[PDB]
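Taking it in order: structure first as structure tokens, then the write-up.
With ideal geometry, Cβ positions are generated from the backbone for all residues, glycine too; neighbour counts draw on all protein chains shown. Readers should treat all values here as calculations from the given coordinates under stated rules, not as data from a laboratory.
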Amino acid sequence: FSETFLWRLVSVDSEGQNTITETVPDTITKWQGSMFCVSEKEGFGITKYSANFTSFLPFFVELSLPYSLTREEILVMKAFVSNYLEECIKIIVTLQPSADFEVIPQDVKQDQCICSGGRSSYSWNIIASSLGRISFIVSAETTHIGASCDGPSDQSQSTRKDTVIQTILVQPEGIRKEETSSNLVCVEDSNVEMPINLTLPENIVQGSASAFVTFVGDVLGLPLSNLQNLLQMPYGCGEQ
Amino acid sequence: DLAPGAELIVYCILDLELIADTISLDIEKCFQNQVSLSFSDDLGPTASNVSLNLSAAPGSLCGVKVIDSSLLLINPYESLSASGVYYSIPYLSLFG
Amino acid sequence: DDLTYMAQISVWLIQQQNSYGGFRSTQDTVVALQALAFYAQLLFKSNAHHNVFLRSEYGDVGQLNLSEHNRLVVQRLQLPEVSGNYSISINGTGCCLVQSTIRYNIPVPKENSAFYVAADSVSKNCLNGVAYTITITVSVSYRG
Amino acid sequence: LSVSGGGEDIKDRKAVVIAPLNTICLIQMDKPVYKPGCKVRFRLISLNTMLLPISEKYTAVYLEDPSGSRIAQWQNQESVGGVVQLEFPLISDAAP
């Protein structure tokens, strides 16, 4: 969905290359492309400035969302509706609720007329019910009316509405605590076994706990990348 | 073919006597393997199957990276450029 | 049980290595490499031919190799179930430190607590842009 | 040096120095910072003063963390096309 656009390598056929790549429906904002080349005769090559592509719709909704939080805490999701289309038309929104959270509006669910360049917004007061992954799905749709702020509210065609799905994560509520156990087990060319006891207290938040095991050895760590530089002819003052 | 520093000296001879004078000169940080990329065109809708045509040497194998721009704006980019690499090049020339 | 007391502390030292070459001073590196060497000589079995296998009370499964070309790296595994009732088995040779790690989150029954807390700020809404004149105050007490 | 002909020959001697060195190597990333657990994807190249694609042996490459634990390691590689791409799946549960 959205972290990069492209990362690859191709050879050349006497002109370069016209690579064809799909476009992500997550055309959020502009995209920077840079590349490199090498030739066995006249050398290496880079850009002057990166090819900066862009793509979007004149009318849509951008969302303002936070990083992460805990379940019991509330927040206020927000989203601008933005128009670049010339005509001034009334718009409304659709939201998908889910049990992983609770939502309270601000009591103004008003479809509204926005003109060219104009923007409005709406927000939702959200608490959480699940933990971990959280997603929200909404859609901006055009409303039809003839006697509007200015003439009929044009409706374009079937794809007059767009859907957006965006995800963050939510964390456990209280105070976190970690414990560990250790064992240097050294086996002389044989088999050695050990059970593992991991018991936890009672009042812990449900599902909060998570356990994991690590396997290292030591001393063999960095005795090689250290030798090549710790030797030199001593010159200077006597003490140093 | 000329590094950003160029050492030019002009000289001549007068029997037992010589003359010579030199100066270093500034050159742009340019390479030879020209390369040109183009999406055609920009600002469209989510137009998948979009094309990026590029031109370079007729014999070559090489690579490409297209990424976001918000990171570009926010964080101090490592200047991965001919400038930096040529600067990293050692023994470009010697004083004395 | 020198091994017990020693693996973790050697590991701390190793982790706090310096990529510079040497460390902030000399005496530190001197006595360090002294102890590292003596550790190695009371240790350093050359070959570490190794394989390990983790299970649970009812059939957990994990088999990991361990050779020189593998020994330089740390190995890892999350654990799927709730409360740890597992087992480990090893064939071959080698000195390996193994670590078990659990994280959890505890609440307090906030309704009747033995701590009193009160947090507040200088301003509450900025509206000057941000009136940066912002101190944060808190008052706390313990009853029990 | 010595120049000889029917007119006259003159001989002289001075000193020079010769220098065996390596090829500049570098890594191109995709992005500066990532999501935890993902594949860190990058390319390694190296050329000397010729700057023309010349093949060298990628001796050894590895990754280091604040813990100093090597986690992405590849040994004895070579540039098929003057470049080699490596990637590594990060850890989701990562402290910055």
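Observations, loosely collected:
- Over chain C, relative contact order from alpha-carbon pairs under 8 Å, at least 6 apart, %: 17 percent
- Calculated on C-alpha atoms, the gyration radius of region A:18-150 divided by its Kirkwood radius gives an Rg/Rh of 1.14.
- 0 to 90° range, to nearest 10: angle between helix C:2-15 axis and chain C longest Cα axis: 70 degrees
- Taking the longest Cα principal axis of chain C as reference, the axis of helix C:27-42 is set at about 50 degrees.
- Relative contact order for region D:14-96: 33 percent, from Cα pairs under 8 Å spaced at least 6 residues apart, divided by residue count.
- Debye log10 I(q)/I(0) at q = 0.17 Å⁻¹ for chain D, Cα point scatterers: -0.88
- When you filter the chymotrypsin sites (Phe, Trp or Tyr not before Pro) in region A:53-152 for DSSP loop state and at most 15 other Cβ atoms inside 10 Å of their Cβ, you are left with A:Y67, A:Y84.
- Taking chain A as a whole, the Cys residues whose C-beta sits 4.7 Å or farther from every other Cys C-beta are A:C237.
- Taking 4.7 Å between C-beta atoms as the pairing limit, chain C has these partnerless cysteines: C:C96, C:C126.
- Cα-centred dipole magnitude for region C:1-134, charges only on beta-carbon of K, R (+1) and D, E (-1), debye, nearest 20: 300 debye
- Over chain C: helical MRE at 222 nm, DSSP H runs n ≥ 4 each giving -39500 (n - 2.57), nearest 500: -7000 deg cm²/dmol
- Trypsin sites (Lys or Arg not before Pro) restricted to DSSP loop in region D:1-85 with at most 10 other C-beta within 10 Å: D:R13, D:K14
- Calculated FRET value between A:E102 and B:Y11, using beta carbons and R₀ = 51 Å, to 0.05: 0.05
- Dividing the convex hull volume of the alpha carbon atoms of chain C by its residue count gives 328 Å³ per residue.
- Each of C:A119, A:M233, A:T143 was placed along the dipole of the protein assembly as shown (beta-carbon charges, centred on the mean Cα), and the one lying farthest toward the positive end is C:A119.
- Positive-end extreme of charge dipole, region D:30-96 - chosen from D:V33, D:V61, D:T49 (charges on Cβ): D:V33
- At most 10 other Cβ within 10 Å, DSSP loop - GluC sites (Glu not before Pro), region D:1-77: D:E8
- Each principal axis of the Cα atoms in region A:115-240 has its own extent, and those three values, largest first, are 91, 58, 31 angstrom.
- Under the convention that each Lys and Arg Cβ holds +1 and each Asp and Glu Cβ holds -1, the size of the dipole of the protein assembly as shown around its Cα centre is about 840 debye.
- Whichever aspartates and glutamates have a C-alpha closer than 19 Å to that of C:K124, once near sequence neighbours (fewer than 8 apart) are set aside: A:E73
- Computed from the Cα positions only, the extents of the protein assembly as shown along the three principal axes stand at 110, 81, 52 Å, in decreasing order.
- Taking all Cα pairs closer than 8 Å and separated by 6 or more residues, the relative contact order of chain B comes to 20 percent.
- Gyration tensor over alpha-carbon atoms, chain B, equivalent ellipsoid semi-axes in Å: 45, 18, 12
- Shape metrics for region A:4-79, restricted to C-alpha atoms - Rg then Dmax, Å: 19.9, 65
- Scattering from region A:175-237 was approximated by placing one identical point on each alpha carbon and applying the Debye formula without solvent; log10 I(q)/I(0) at 0.22, 0.28 1/Å stands at -1.09, -1.35.
- Equivalent ellipsoid of chain A: semi-axes from √(5λ) of the C-alpha gyration tensor, largest first, are 52, 37, 18 Å.
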